[PDB]
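One structure below.
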Amino acid sequence: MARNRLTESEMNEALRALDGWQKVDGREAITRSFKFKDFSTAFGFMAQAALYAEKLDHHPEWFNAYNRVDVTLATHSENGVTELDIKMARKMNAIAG
C-alpha cells in the first residue's frame with residue numbers, strides 16, 4: 001500500500017468512485033454525511049466502521065446525532081489524504097449500502 005498523501009487531482013479522481021464523498025472545503029480531507037432511518041441503524045454502521053478502524057489502525061473524525069453520521073477522513077501522519085482514507089470511505093460506503 002502506498003502510504004503517501006494524494007495531490008488535489010488524485011484526490012478528485014479518487015472521489016469519483018466514492019459516492020457521496022467530497023473534499024472538505026479548505027482542508028486536506030474528505031467527507032460524507034450519512035443519513036440512516038434511525039439511531040439503531042446509524043449505530044450499527046458506526047459499530048462496523050469502528051471494527052475496520054481498528055483493523056487499519058486508522059480512525060475517523062465523526063459526528064452522530066440520532067440518525068445522522070457525518071464523517072471526515074484524513075491521515076495525520078502524512079498530513080493529508082492517503083489510501084487509508086480511500087479504503088475507509090470505500091468500506092463505509094459498503095457498510096451503509
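Simple scheme: letters A, B, ... for chains in C-alpha cells order, numbers from 1 for residues in each chain, numbers from 1 for ligands in the order shown.
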Region 46-54 of chain A environment, 8 Å, only C-alpha atoms, sequence neighbours closer than 3 positions dropped, as an MDAnalysis selection string: chainID A and resid 42:43 57:60 88 91:92 95
Non-local contacts of residue 27 (chain A) (10 Å; only C-alpha atoms; under 3 positions in same chain excluded) as a PyMOL selection string: chain A and resi 23-24+30+74+80-81
Residue selection dump (C-alpha atoms) as a PDB file, in the first residue's frame:
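And here is the file that came out, out.pdb:
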ATOM      1  CA  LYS A  23     -13.205  17.195  -0.484  1.00  0.00           C
ATOM      2  CA  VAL A  24     -13.562  19.291   2.664  1.00  0.00           C
ATOM      3  CA  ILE A  30     -12.716  14.048   2.555  1.00  0.00           C
ATOM      4  CA  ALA A  74      -7.537  12.475   6.734  1.00  0.00           C
ATOM      5  CA  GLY A  80      -3.254  14.743   4.084  1.00  0.00           C
ATOM      6  CA  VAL A  81      -5.493  12.287   2.269  1.00  0.00           C
TER       7      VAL A  81
END
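Going from CA of residue 90 (chain A) to CA of residue 18 (chain A) covers 6.4 Å.
The spacing separating CA of residue 78 (chain A) from CA of residue 34 (chain A) amounts to 25.9 Å.
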DSSP-assigned helix (DSSP H, G or I) members of region 62-95 of chain A, reported as a PyMOL selection string: chain A and resi 76-78+83-95
Residue 7 (chain A) environment, 12 Å, only C-alpha atoms, sequence neighbours closer than 4 positions dropped, as an MDAnalysis selection string: chainID A and resid 11:14 23 28:29 79:83
Polymer residues at most 6 Å from region 69-72 of chain A, only C-alpha atoms, same-chain spacing of 3 or more positions, as a PyMOL selection string: chain A and resi 30-34+61-64
With C-alpha atoms retained, write the just-selected residues as a compact mmCIF listing (two decimals), in the first residue's frame.
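Below you can see selection.txt, which holds the result:
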# COMPACT_ATOMS: atom_id res chain seq x y z
CA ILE A 30 -12.72 14.05 2.55
CA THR A 31 -16.22 13.91 3.98
CA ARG A 32 -19.65 12.32 3.67
CA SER A 33 -22.85 12.86 5.64
CA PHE A 34 -24.73 9.60 6.07
CA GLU A 61 -13.34 12.13 12.74
CA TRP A 62 -17.10 11.65 13.05
CA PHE A 63 -20.25 13.20 14.49
CA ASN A 64 -23.55 11.46 15.24
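Between CA of residue 76 (chain A) and CA of residue 39 (chain A) there is a distance of 29.1 Å.
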DSSP-assigned strand (DSSP E) members of chain A, reported as a PyMOL selection string: chain A and resi 22-23+30-35+61-65+68-73
